[PDB]
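Structure file upload-v1.txt (compact mmCIF, C-alpha atoms (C1' of nucleotides)) is printed below.
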# COMPACT_ATOMS: atom_id res chain seq x y z
CA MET L 1 0.00 0.00 0.00
CA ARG L 2 2.53 2.58 -1.19
CA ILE L 3 1.37 6.10 -2.00
CA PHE L 4 2.69 7.76 -5.16
CA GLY L 5 2.14 10.99 -7.06
CA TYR L 6 2.66 12.55 -10.47
CA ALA L 7 2.93 16.12 -11.76
CA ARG L 8 3.45 17.47 -15.28
CA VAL L 9 4.10 20.92 -16.75
CA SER L 10 5.54 22.28 -19.99
CA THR L 11 7.90 25.04 -18.87
CA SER L 12 6.76 26.70 -15.64
CA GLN L 13 8.48 25.57 -12.45
CA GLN L 14 5.98 27.34 -10.18
CA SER L 15 2.81 25.55 -11.29
CA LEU L 16 4.83 22.37 -10.91
CA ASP L 17 5.71 23.33 -7.34
CA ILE L 18 1.99 24.01 -6.91
CA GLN L 19 1.13 20.38 -7.69
CA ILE L 20 3.99 19.01 -5.58
CA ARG L 21 2.88 21.07 -2.58
CA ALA L 22 -0.66 19.75 -3.08
CA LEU L 23 0.55 16.15 -3.23
CA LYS L 24 2.68 16.67 -0.11
CA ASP L 25 -0.34 18.00 1.78
CA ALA L 26 -2.24 14.96 0.51
CA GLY L 27 0.18 12.79 2.48
CA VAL L 28 2.65 11.87 -0.24
CA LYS L 29 6.33 11.57 0.67
CA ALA L 30 8.83 13.76 -1.19
CA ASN L 31 10.65 10.80 -2.76
CA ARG L 32 7.35 9.26 -3.84
CA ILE L 33 6.69 12.13 -6.26
CA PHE L 34 7.66 11.95 -9.94
CA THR L 35 7.61 14.89 -12.37
CA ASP L 36 8.18 15.78 -16.03
CA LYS L 37 8.54 18.77 -18.35
CA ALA L 38 8.87 19.48 -22.08
CA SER L 42 11.27 15.39 -27.61
CA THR L 43 8.88 13.43 -25.38
CA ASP L 44 10.57 13.45 -21.98
CA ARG L 45 8.36 11.19 -19.87
CA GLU L 46 11.12 9.83 -17.62
CA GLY L 47 9.25 10.73 -14.43
CA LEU L 48 6.16 8.90 -15.68
CA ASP L 49 8.22 5.97 -16.97
CA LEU L 50 9.96 5.65 -13.61
CA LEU L 51 6.51 5.64 -12.02
CA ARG L 52 5.45 2.95 -14.51
CA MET L 53 8.32 0.78 -13.28
CA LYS L 54 8.06 1.21 -9.51
CA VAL L 55 4.29 0.79 -9.08
CA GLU L 56 3.05 -2.56 -7.77
CA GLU L 57 -0.37 -4.09 -7.10
CA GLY L 58 -2.20 -2.37 -4.25
CA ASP L 59 -0.31 0.89 -4.76
CA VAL L 60 -2.21 4.14 -5.32
CA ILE L 61 -1.18 7.11 -7.46
CA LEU L 62 -2.42 10.60 -6.56
CA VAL L 63 -2.77 13.20 -9.32
CA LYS L 64 -3.95 16.81 -9.03
CA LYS L 65 -6.10 16.87 -12.18
CA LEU L 66 -6.94 14.66 -15.18
CA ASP L 67 -5.26 16.97 -17.70
CA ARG L 68 -1.89 16.45 -16.00
CA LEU L 69 -1.73 12.74 -16.79
CA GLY L 70 -1.64 12.08 -20.54
CA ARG L 71 -0.71 14.19 -23.56
CA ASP L 72 -4.32 13.79 -24.68
CA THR L 73 -7.55 11.98 -23.80
CA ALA L 74 -6.28 8.83 -25.53
CA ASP L 75 -2.93 8.77 -23.70
CA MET L 76 -4.68 9.44 -20.39
CA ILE L 77 -7.09 6.49 -20.55
CA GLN L 78 -4.28 4.36 -21.99
CA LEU L 79 -2.36 5.06 -18.79
CA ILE L 80 -5.36 4.67 -16.47
CA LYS L 81 -6.12 1.28 -18.04
CA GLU L 82 -2.46 0.31 -17.66
CA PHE L 83 -2.49 0.92 -13.90
CA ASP L 84 -5.94 -0.63 -13.44
CA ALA L 85 -4.68 -3.82 -15.09
CA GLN L 86 -2.07 -4.07 -12.35
CA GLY L 87 -4.67 -3.27 -9.71
CA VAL L 88 -3.03 0.12 -9.25
CA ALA L 89 -5.57 2.83 -8.47
CA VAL L 90 -5.44 6.45 -9.62
CA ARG L 91 -7.11 9.20 -7.58
CA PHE L 92 -7.54 12.67 -9.06
CA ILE L 93 -7.62 15.15 -6.18
CA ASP L 94 -9.31 18.32 -7.44
CA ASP L 95 -11.90 16.52 -9.57
CA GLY L 96 -12.71 14.11 -6.73
CA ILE L 97 -12.42 11.05 -8.95
CA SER L 98 -10.96 7.61 -8.21
CA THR L 99 -10.42 4.36 -10.10
CA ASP L 100 -11.02 2.44 -6.87
CA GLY L 101 -13.35 2.16 -3.90
CA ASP L 102 -16.95 1.79 -5.05
CA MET L 103 -17.53 3.74 -8.27
CA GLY L 104 -14.00 2.91 -9.44
CA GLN L 105 -15.11 0.14 -11.80
CA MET L 106 -17.81 2.39 -13.25
CA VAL L 107 -15.09 5.02 -13.71
CA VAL L 108 -12.84 2.66 -15.67
CA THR L 109 -15.84 1.30 -17.57
CA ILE L 110 -16.96 4.59 -19.11
CA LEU L 111 -13.32 5.64 -19.59
CA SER L 112 -12.86 2.46 -21.61
CA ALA L 113 -15.96 3.24 -23.66
CA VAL L 114 -14.90 6.70 -24.82
CA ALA L 115 -11.43 5.28 -25.50
CA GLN L 116 -12.71 2.63 -27.91
CA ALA L 117 -15.27 5.15 -29.17
CA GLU L 118 -12.69 7.72 -30.27
CA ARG L 119 -10.44 4.90 -31.48
CA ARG L 120 -13.24 4.01 -33.87
CA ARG L 121 -13.50 7.71 -34.69
CA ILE L 122 -9.81 7.64 -35.57
CA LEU L 123 -10.68 4.70 -37.83
CA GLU L 124 -13.34 6.90 -39.43
CA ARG L 125 -11.12 9.92 -40.03
CA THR L 126 -8.27 7.70 -41.29
CA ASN L 127 -10.46 6.38 -44.12
CA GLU L 128 -11.78 9.69 -45.48
CA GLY L 129 -8.79 11.63 -44.15
CA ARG L 130 -8.71 14.35 -41.50
CA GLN L 131 -5.40 14.64 -39.68
CA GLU L 132 -3.84 17.06 -42.17
CA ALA L 133 -6.49 19.49 -40.88
CA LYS L 134 -5.96 18.93 -37.12
CA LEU L 135 -9.13 20.32 -35.51
CA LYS L 136 -8.57 21.43 -31.91
CA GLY L 137 -12.21 22.42 -31.42
CA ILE L 138 -11.61 25.78 -29.74
CA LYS L 139 -11.96 28.92 -31.84
CA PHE L 140 -8.77 30.95 -31.52
CA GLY L 141 -7.91 34.41 -32.79
CA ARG L 142 -9.76 37.43 -34.11
CA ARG L 143 -13.03 36.64 -35.87
CA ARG L 144 -13.13 37.35 -39.61
CA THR L 145 -14.98 40.64 -40.14
CA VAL L 146 -14.10 40.91 -43.82
CA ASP L 147 -16.43 39.66 -46.52
CA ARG L 148 -14.15 37.54 -48.69
CA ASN L 149 -16.75 37.00 -51.42
CA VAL L 150 -16.76 40.69 -52.35
CA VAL L 151 -12.96 40.75 -52.57
CA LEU L 152 -12.85 37.65 -54.77
CA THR L 153 -15.62 38.87 -57.07
CA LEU L 154 -14.05 42.28 -57.70
CA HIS L 155 -10.56 40.90 -58.33
CA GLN L 156 -12.11 38.32 -60.67
CA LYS L 157 -13.66 41.14 -62.70
CA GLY L 158 -10.21 42.67 -63.10
CA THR L 159 -10.46 45.26 -60.33
CA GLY L 160 -6.98 46.20 -59.12
CA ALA L 161 -5.62 45.51 -55.63
CA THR L 162 -5.49 49.15 -54.51
CA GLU L 163 -8.97 49.75 -55.94
CA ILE L 164 -10.55 46.96 -53.88
CA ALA L 165 -8.67 48.07 -50.77
CA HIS L 166 -9.99 51.60 -51.20
CA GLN L 167 -13.41 50.13 -51.95
CA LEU L 168 -13.87 48.06 -48.79
CA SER L 169 -11.59 50.22 -46.61
CA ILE L 170 -9.18 47.38 -45.88
CA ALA L 171 -5.40 47.30 -46.25
CA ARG L 172 -3.78 46.47 -49.58
CA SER L 173 -1.79 43.72 -47.86
CA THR L 174 -5.06 42.37 -46.46
CA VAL L 175 -6.38 41.91 -50.00
CA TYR L 176 -3.34 39.81 -50.89
CA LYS L 177 -3.75 37.75 -47.72
CA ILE L 178 -7.34 37.05 -48.73
CA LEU L 179 -6.31 36.16 -52.28
CA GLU L 180 -3.53 33.94 -50.92
CA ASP L 181 -5.78 32.07 -48.48
CA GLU L 182 -8.43 31.32 -51.11
CA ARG L 183 -5.84 30.40 -53.74
CA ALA L 184 -4.24 27.94 -51.32
CA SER L 185 -7.69 26.57 -50.51
CA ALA L 186 -8.44 25.81 -54.17
CA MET Z 1 -41.62 8.28 -20.56
CA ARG Z 2 -41.37 8.09 -24.35
CA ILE Z 3 -38.63 6.06 -26.04
CA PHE Z 4 -36.39 7.52 -28.76
CA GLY Z 5 -33.26 6.46 -30.63
CA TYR Z 6 -30.49 7.82 -32.84
CA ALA Z 7 -28.28 6.40 -35.59
CA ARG Z 8 -25.48 8.06 -37.57
CA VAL Z 9 -23.30 6.99 -40.48
CA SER Z 10 -21.04 8.69 -43.02
CA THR Z 11 -21.81 6.97 -46.31
CA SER Z 12 -22.91 3.34 -45.87
CA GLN Z 13 -26.66 2.75 -45.70
CA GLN Z 14 -26.12 -0.84 -44.56
CA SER Z 15 -24.47 0.03 -41.24
CA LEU Z 16 -27.31 2.51 -40.76
CA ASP Z 17 -29.91 -0.23 -41.21
CA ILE Z 18 -27.90 -2.30 -38.73
CA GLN Z 19 -28.28 0.36 -36.04
CA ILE Z 20 -31.96 0.90 -36.90
CA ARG Z 21 -32.61 -2.84 -36.74
CA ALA Z 22 -30.75 -2.97 -33.42
CA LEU Z 23 -32.82 -0.05 -32.11
CA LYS Z 24 -36.04 -1.81 -33.13
CA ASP Z 25 -34.93 -4.99 -31.37
CA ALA Z 26 -34.55 -2.87 -28.23
CA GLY Z 27 -38.25 -2.00 -28.36
CA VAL Z 28 -38.18 1.38 -30.09
CA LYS Z 29 -41.05 2.27 -32.42
CA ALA Z 30 -40.26 2.92 -36.09
CA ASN Z 31 -41.35 6.57 -35.99
CA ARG Z 32 -39.27 7.18 -32.86
CA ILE Z 33 -35.98 6.71 -34.71
CA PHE Z 34 -33.97 9.55 -36.25
CA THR Z 35 -30.97 9.20 -38.58
CA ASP Z 36 -28.33 11.40 -40.23
CA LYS Z 37 -25.61 11.20 -42.88
CA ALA Z 38 -22.76 13.19 -44.44
CA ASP Z 44 -26.76 17.67 -42.35
CA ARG Z 45 -27.56 17.39 -38.64
CA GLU Z 46 -31.29 17.86 -39.37
CA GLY Z 47 -32.20 14.52 -37.80
CA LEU Z 48 -30.34 15.38 -34.60
CA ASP Z 49 -31.85 18.88 -34.54
CA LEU Z 50 -35.36 17.43 -34.84
CA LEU Z 51 -34.51 15.22 -31.87
CA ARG Z 52 -33.37 18.25 -29.85
CA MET Z 53 -36.76 19.88 -30.41
CA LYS Z 54 -39.04 16.93 -29.67
CA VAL Z 55 -37.40 15.67 -26.47
CA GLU Z 56 -38.85 16.68 -23.11
CA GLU Z 57 -37.84 16.04 -19.49
CA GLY Z 58 -38.10 12.36 -18.54
CA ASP Z 59 -37.51 10.92 -22.01
CA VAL Z 60 -34.71 8.44 -22.74
CA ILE Z 61 -32.65 7.97 -25.92
CA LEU Z 62 -31.17 4.67 -27.08
CA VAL Z 63 -27.92 4.75 -29.07
CA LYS Z 64 -25.97 1.75 -30.37
CA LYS Z 65 -22.50 3.07 -29.51
CA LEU Z 66 -20.82 6.23 -28.21
CA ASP Z 67 -19.03 6.90 -31.51
CA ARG Z 68 -22.42 7.10 -33.24
CA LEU Z 69 -23.39 10.25 -31.34
CA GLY Z 70 -21.05 13.16 -32.07
CA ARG Z 71 -18.39 14.01 -34.64
CA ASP Z 72 -15.77 13.84 -31.89
CA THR Z 73 -15.37 13.38 -28.13
CA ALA Z 74 -15.92 17.08 -27.44
CA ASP Z 75 -19.13 17.22 -29.49
CA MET Z 76 -20.44 14.04 -27.86
CA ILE Z 77 -20.04 15.30 -24.29
CA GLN Z 78 -21.54 18.63 -25.37
CA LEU Z 79 -24.63 16.78 -26.59
CA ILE Z 80 -24.92 14.58 -23.50
CA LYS Z 81 -24.63 17.62 -21.22
CA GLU Z 82 -27.27 19.36 -23.33
CA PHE Z 83 -29.70 16.47 -22.85
CA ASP Z 84 -28.87 16.04 -19.15
CA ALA Z 85 -29.62 19.74 -18.67
CA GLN Z 86 -33.14 19.04 -19.94
CA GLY Z 87 -33.36 16.00 -17.68
CA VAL Z 88 -33.20 13.83 -20.79
CA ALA Z 89 -31.30 10.55 -20.42
CA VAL Z 90 -29.20 8.55 -22.88
CA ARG Z 91 -28.67 4.78 -22.77
CA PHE Z 92 -25.96 3.29 -24.99
CA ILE Z 93 -26.82 -0.30 -25.89
CA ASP Z 94 -23.46 -1.87 -26.80
CA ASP Z 95 -21.35 -0.01 -24.24
CA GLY Z 96 -23.89 -0.71 -21.50
CA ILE Z 97 -23.92 2.83 -20.12
CA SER Z 98 -26.86 4.90 -18.86
CA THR Z 99 -27.14 8.58 -17.93
CA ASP Z 100 -30.13 7.92 -15.66
CA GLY Z 101 -30.90 5.93 -12.53
CA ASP Z 102 -27.88 5.45 -10.28
CA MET Z 103 -24.81 5.85 -12.49
CA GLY Z 104 -26.38 8.92 -14.13
CA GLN Z 105 -24.62 11.64 -12.13
CA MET Z 106 -21.40 9.63 -12.28
CA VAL Z 107 -21.46 9.52 -16.08
CA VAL Z 108 -22.08 13.25 -16.57
CA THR Z 109 -19.61 14.20 -13.83
CA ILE Z 110 -16.75 12.16 -15.28
CA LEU Z 111 -17.43 12.96 -18.94
CA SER Z 112 -17.38 16.61 -17.88
CA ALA Z 113 -13.95 16.09 -16.32
CA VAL Z 114 -12.70 14.39 -19.49
CA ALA Z 115 -13.82 17.33 -21.63
CA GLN Z 116 -12.53 20.02 -19.27
CA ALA Z 117 -9.19 18.20 -19.12
CA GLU Z 118 -8.46 18.26 -22.85
CA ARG Z 119 -9.34 21.96 -22.97
CA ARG Z 120 -7.02 22.61 -20.03
CA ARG Z 121 -4.40 20.67 -21.99
CA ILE Z 122 -4.55 23.27 -24.76
CA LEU Z 123 -4.41 26.01 -22.14
CA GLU Z 124 -1.45 24.40 -20.36
CA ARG Z 125 1.17 26.92 -21.50
CA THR Z 126 -1.34 29.76 -21.02
CA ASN Z 127 -2.50 28.96 -17.48
CA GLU Z 128 1.06 28.12 -16.43
CA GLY Z 129 2.20 31.56 -17.55
CA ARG Z 130 -0.73 32.85 -15.54
CA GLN Z 131 0.60 31.04 -12.47
CA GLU Z 132 3.99 32.71 -12.91
CA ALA Z 133 2.16 36.01 -13.37
CA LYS Z 134 0.30 35.48 -10.11
CA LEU Z 135 3.70 34.70 -8.62
CA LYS Z 136 5.11 38.01 -9.86
CA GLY Z 137 2.31 39.83 -8.05
CA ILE Z 138 0.24 40.87 -11.07
CA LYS Z 139 -3.24 41.98 -10.01
CA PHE Z 140 -6.08 39.83 -11.33
CA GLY Z 141 -9.78 40.58 -11.66
CA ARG Z 142 -11.61 43.79 -12.53
CA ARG Z 143 -9.81 47.08 -11.91
CA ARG Z 144 -11.28 49.36 -9.24
CA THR Z 145 -13.20 52.29 -10.73
CA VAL Z 146 -14.43 53.48 -7.34
CA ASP Z 147 -12.46 55.96 -5.27
CA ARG Z 148 -12.01 54.27 -1.91
CA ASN Z 149 -10.87 57.49 -0.26
CA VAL Z 150 -14.18 59.27 -0.90
CA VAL Z 151 -16.19 56.35 0.49
CA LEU Z 152 -14.00 56.04 3.58
CA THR Z 153 -13.77 59.79 4.18
CA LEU Z 154 -17.54 60.31 4.05
CA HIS Z 155 -18.11 57.32 6.32
CA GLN Z 156 -15.52 58.71 8.73
CA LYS Z 157 -17.57 61.91 9.05
CA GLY Z 158 -20.60 59.74 9.77
CA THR Z 159 -22.33 59.75 6.39
CA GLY Z 160 -24.88 56.96 6.02
CA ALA Z 161 -24.38 54.03 3.66
CA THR Z 162 -27.40 54.87 1.49
CA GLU Z 163 -26.27 58.49 1.23
CA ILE Z 164 -22.76 57.65 0.00
CA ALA Z 165 -24.31 55.30 -2.56
CA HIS Z 166 -26.63 58.00 -3.90
CA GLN Z 167 -23.73 60.45 -3.75
CA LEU Z 168 -21.25 58.51 -5.89
CA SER Z 169 -23.97 56.72 -7.89
CA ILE Z 170 -22.70 53.33 -6.70
CA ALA Z 171 -24.54 50.41 -5.10
CA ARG Z 172 -25.31 50.32 -1.37
CA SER Z 173 -23.77 46.86 -0.99
CA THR Z 174 -20.68 48.23 -2.72
CA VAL Z 175 -20.12 50.71 0.11
CA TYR Z 176 -20.38 47.98 2.75
CA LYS Z 177 -17.97 45.78 0.81
CA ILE Z 178 -15.45 48.62 0.62
CA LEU Z 179 -15.79 49.36 4.34
CA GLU Z 180 -15.36 45.65 5.05
CA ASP Z 181 -12.19 45.38 2.95
CA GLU Z 182 -10.44 48.35 4.55
CA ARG Z 183 -11.49 47.25 8.04
CA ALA Z 184 -10.33 43.64 7.69
CA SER Z 185 -6.89 44.66 6.43
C1' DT K 1 6.41 59.16 -59.48
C1' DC K 2 3.22 55.32 -59.22
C1' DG K 3 1.19 50.82 -59.01
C1' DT K 4 2.06 45.81 -58.13
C1' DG K 5 3.68 41.47 -55.39
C1' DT K 6 5.95 39.55 -51.63
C1' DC K 7 7.23 39.99 -47.16
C1' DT K 8 7.80 41.18 -42.00
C1' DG K 9 6.42 43.42 -37.91
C1' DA K 10 2.80 45.77 -35.18
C1' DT K 11 -2.26 45.84 -33.44
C1' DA K 12 -6.35 43.62 -32.50
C1' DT K 13 -9.14 40.20 -30.97
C1' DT K 14 -10.69 35.79 -29.05
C1' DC K 15 -10.19 31.75 -26.41
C1' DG K 16 -11.08 29.05 -21.29
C1' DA K 17 -10.82 28.78 -16.34
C1' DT K 18 -9.98 31.58 -12.95
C1' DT K 19 -10.01 36.12 -9.90
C1' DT K 20 -11.28 40.56 -8.13
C1' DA K 21 -14.80 44.54 -8.48
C1' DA K 22 -19.13 46.06 -8.65
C1' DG K 23 -24.31 45.65 -9.03
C1' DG K 24 -28.28 43.44 -7.12
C1' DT K 25 -31.55 41.02 -4.32
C1' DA K 26 -33.23 39.03 -0.03
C1' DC K 27 -33.73 38.79 5.05
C1' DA K 28 -33.21 40.06 9.44
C1' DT K 29 -32.35 44.03 12.53
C1' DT K 30 -32.55 48.51 14.52
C1' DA N 1 -42.05 53.03 7.25
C1' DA N 2 -36.99 53.89 6.67
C1' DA N 3 -32.56 53.26 7.19
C1' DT N 4 -29.01 49.92 8.63
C1' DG N 5 -26.09 45.71 8.54
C1' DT N 6 -25.28 40.93 6.88
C1' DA N 7 -25.33 37.12 3.56
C1' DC N 8 -24.78 35.04 -1.17
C1' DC N 9 -25.85 35.37 -6.23
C1' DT N 10 -25.36 37.49 -10.91
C1' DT N 11 -22.82 40.45 -14.09
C1' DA N 12 -18.67 42.73 -15.31
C1' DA N 13 -14.12 43.41 -16.27
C1' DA N 14 -9.18 41.32 -16.27
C1' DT N 15 -5.47 37.61 -16.17
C1' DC N 16 -1.92 34.51 -18.69
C1' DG N 17 -0.02 32.49 -23.51
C1' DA N 18 -1.43 30.76 -27.92
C1' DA N 19 -3.92 31.44 -32.16
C1' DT N 20 -6.16 33.91 -36.00
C1' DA N 21 -7.15 38.38 -38.52
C1' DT N 22 -6.15 42.84 -39.89
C1' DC N 23 -3.29 46.83 -40.28
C1' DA N 24 0.88 49.41 -41.56
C1' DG N 25 4.90 49.84 -44.12
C1' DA N 26 9.27 48.35 -46.21
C1' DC N 27 11.51 46.83 -50.26
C1' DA N 28 12.37 45.60 -55.06
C1' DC N 29 10.92 46.12 -59.84
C1' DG N 30 8.90 47.86 -64.20

Since I need it in another form, could you write the structure as structure tokens?
Amino acid sequence: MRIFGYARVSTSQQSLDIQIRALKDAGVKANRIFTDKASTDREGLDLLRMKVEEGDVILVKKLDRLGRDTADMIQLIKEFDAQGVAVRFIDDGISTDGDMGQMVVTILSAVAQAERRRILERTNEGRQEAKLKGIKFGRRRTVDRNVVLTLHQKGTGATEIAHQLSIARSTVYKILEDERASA
Amino acid sequence: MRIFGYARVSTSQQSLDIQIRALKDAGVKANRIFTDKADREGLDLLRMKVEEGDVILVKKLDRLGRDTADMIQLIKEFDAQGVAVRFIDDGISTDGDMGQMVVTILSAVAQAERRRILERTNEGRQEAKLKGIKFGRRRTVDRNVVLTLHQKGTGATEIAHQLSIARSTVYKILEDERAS
DNA sequence: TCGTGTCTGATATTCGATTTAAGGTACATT
DNA sequence: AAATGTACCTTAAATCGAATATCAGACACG
């Protein structure tokens, strides 16, 4: 019944020390904590993979701090559950053990195979070149592209369209470049 | 307590008929089944018809949304209406006992992948908090005026009407400067 | 001197979960 | 009836870094 913990960041040392301090207050010994930072340097996680034994429990601050994605996360959770090793996520109040633990691993296994079949879908038609994150980032497009394309198609010069729609001349070329690359 | 079901494919009509046949073997009426193909119109019609207490039968999880994020978004949207979803093959239900547990965990899964994208952002925010950078809204209210008037014995309602602020705002300001 | 392409850097948003400020309601009290 | 405190809940800005759009010129060439 050994207690372990894991913490992962990209760069920041402070937010890493935040997790470590949380694990230490959770009753995890200092030597029982493994960490990583960004090549794929997982050595802290790999060392945890080695040391863990049946009956051992691994404490993690949040779900996002485990895998590099949803797939990797469940892949890891399954890996520890196979060995009887339980994972408890502190802030989210979730565990792979106790009572609901099996239900936890069950639904986690469902979405895993579900998205794996979704990967099998995308792979056939093709997606990955696109790489959809799902969150909308950046300034919204306020410019009507259709008007720009139509005018230029009629032979209207670059500076004439820019003066027409009150955009920059460079903006016109960016629009023409984006739609040309699209075609 | 009406029974509904959903089936989704990309191209193949055969795999669609498989789901439909499976839904009908589960005791769903023929007019209670909605389908879509690569056009969410069938799913949108389902969103409209459903009411609190109704349950939806789906063959598998992957047959719901276009990705994991969309799926959880849908399930949350139905759970918000009290509508439940039971996946046949995966053996998972959003009602009864496990119901809260399903929504709770799927919420954590979704919020985790978003926080994964925000990793470098919210870490830089933690270093910013460390530097002492002030978060939250900036104070537009002069604290001196509020505290000076109150020192002379001006009532709370009067200061509020004076500076055109809220009454509870004055108390909160007095509380902050007293506690420190 | 002027218009056209190609290019880089500077502004401008917009995101999500969190964090403080302010507005607002509700209840009990004086 | 009116003003006074006290207790939480909604809006309302404001945060980081990354991502997307637009602006503003520079530079070379005919």

Item to check | Counting only C-alpha atoms, the option among L:180, L:134, L:104, L:71 closest to residue 87 in chain L | outcome: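 Checking each candidate against residue 87 in chain L, we get L:104 as the closest.
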
If you count only C-alpha atoms (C1' of nucleotides), which residues fall within 6 Å of range 10-20 of chain K, apart from same-chain ones fewer than 3 positions away, as a JSON list (two decimals) with C-alpha atoms, in the coordinates of the input?
[["chain", "number", "residue", "atom", "x", "y", "z"],
["L", 140, "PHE", "CA", -8.77, 30.95, -31.52],
["L", 141, "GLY", "CA", -7.91, 34.41, -32.79],
["L", 142, "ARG", "CA", -9.76, 37.43, -34.11],
["Z", 140, "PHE", "CA", -6.08, 39.83, -11.33],
["Z", 141, "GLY", "CA", -9.78, 40.58, -11.66],
["Z", 142, "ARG", "CA", -11.61, 43.79, -12.53]]

Next on the checklist: as an MDAnalysis selection string, could you give me every residue of chain N near chain Z (at most 8 Å apart, counting only C-alpha atoms (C1' of nucleotides))?
Outcome noted: chainID N and resid 3:4 12:18

Checklist entry - From the set Z:152, Z:179, Z:114, Z:38, which residue has the shortest atom-to-atom contact distance to residue 65 in chain L, counting only C-alpha atoms? => result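 Between Z:152, Z:179, Z:114, Z:38, the residue approaching residue 65 in chain L most closely is Z:114.
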
Checklist entry - What does the distance from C1' of residue 9 in chain K to CA of residue 181 in chain L come to in Å, to one decimal? => result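 Value for the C1' of residue 9 in chain K-CA of residue 181 in chain L distance: 19.7 Å.
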
Next on the checklist: Show me, as a ChimeraX atom specification, every residue of chain L with an atom at most 12 Å from chain N, counting all atoms listed in the file.
Outcome noted: /L:11-12,136,138-146,165,169-178,181

Item to check | Coordinates-based distance that separates CA of residue 119 in chain L from CA of residue 74 in chain L (Å, one decimal) | outcome: 8.3 Å

Checklist entry - Leaving out residue 22 in chain Z and any residue of its chain fewer than 3 positions from it, which residues lie within 10 Å of it when counting all atoms listed in the file, given as number ranges by chain? => result Z: 7, 16-19, 25-28, 62-64, 93-94

Checklist entry - Which one of Z:79, Z:85, Z:3, Z:33 sits closest to residue 59 in chain Z if you count all atoms listed in the file? => result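 Under the stated criterion, the closest residue is Z:3.
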
Checklist entry - Once you count all atoms listed in the file, which residues of chain Z turn out to be within 8 Å of chain L? Could you give them as a ChimeraX atom specification? => result /Z:65-67,71-74,95,97,103,106-107,110,113-114,117-118,120-121,124-125,128-129,131-132,135

Next on the checklist: Just checking: using only C-alpha atoms, which residue out of Z:32, Z:21, Z:136, Z:68 ends up closest to residue 50 in chain Z?
Outcome noted: Z:32

Checklist entry - Distance CA of residue 83 in chain L-CA of residue 60 in chain L, one decimal place? => result 9.2 Å

Item to check | Pick from Z:108, Z:154, Z:168, Z:146, whichever lies nearest to chain K using only C-alpha atoms (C1' of nucleotides) | outcome: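 Under the stated criterion, the closest residue is Z:146.
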
Centre and size of axis-aligned box enclosing range 8-27 of chain N plus 6 Å each side, as JSON:
{"center_x": -7.2, "center_y": 40.3, "center_z": -25.7, "size_x": 49.4, "size_y": 31.1, "size_z": 61.1}

Item to check | Nearest to chain Z, chosen from K:30, K:25, K:1, K:6, with all atoms listed in the file counted in the distances | outcome: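 With all atoms listed in the file as the atom set, the closest residue is K:25.
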
Could you give me range 117-128 of chain L completed to N, CA and C atoms, formatted as a JSON list (two decimals), in the frame of the given file?
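Final file, rebuild05.json:
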[["chain", "number", "residue", "atom", "x", "y", "z"],
["L", 117, "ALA", "N", -14.39, 4.32, -28.35],
["L", 117, "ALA", "CA", -15.27, 5.15, -29.17],
["L", 117, "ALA", "C", -14.45, 6.06, -30.08],
["L", 118, "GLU", "N", -13.51, 6.80, -29.49],
["L", 118, "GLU", "CA", -12.69, 7.72, -30.27],
["L", 118, "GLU", "C", -11.67, 6.96, -31.11],
["L", 119, "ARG", "N", -11.32, 5.75, -30.68],
["L", 119, "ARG", "CA", -10.44, 4.90, -31.48],
["L", 119, "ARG", "C", -11.14, 4.50, -32.77],
["L", 120, "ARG", "N", -12.45, 4.31, -32.69],
["L", 120, "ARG", "CA", -13.24, 4.01, -33.87],
["L", 120, "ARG", "C", -13.44, 5.28, -34.69],
["L", 121, "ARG", "N", -13.41, 6.42, -34.02],
["L", 121, "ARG", "CA", -13.50, 7.71, -34.69],
["L", 121, "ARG", "C", -12.21, 7.99, -35.45],
["L", 122, "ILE", "N", -11.09, 7.54, -34.89],
["L", 122, "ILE", "CA", -9.81, 7.64, -35.57],
["L", 122, "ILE", "C", -9.84, 6.75, -36.81],
["L", 123, "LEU", "N", -10.52, 5.61, -36.70],
["L", 123, "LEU", "CA", -10.68, 4.70, -37.83],
["L", 123, "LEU", "C", -11.58, 5.30, -38.91],
["L", 124, "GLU", "N", -12.47, 6.20, -38.50],
["L", 124, "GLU", "CA", -13.34, 6.90, -39.43],
["L", 124, "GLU", "C", -12.53, 7.93, -40.20],
["L", 125, "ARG", "N", -11.96, 8.88, -39.46],
["L", 125, "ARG", "CA", -11.12, 9.92, -40.03],
["L", 125, "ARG", "C", -10.06, 9.35, -40.97],
["L", 126, "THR", "N", -9.36, 8.31, -40.52],
["L", 126, "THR", "CA", -8.27, 7.70, -41.29],
["L", 126, "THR", "C", -8.71, 7.28, -42.70],
["L", 127, "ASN", "N", -9.95, 6.83, -42.83],
["L", 127, "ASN", "CA", -10.46, 6.38, -44.12],
["L", 127, "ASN", "C", -10.72, 7.53, -45.09],
["L", 128, "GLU", "N", -11.47, 8.53, -44.65],
["L", 128, "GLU", "CA", -11.78, 9.69, -45.48],
["L", 128, "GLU", "C", -10.60, 10.66, -45.53]]
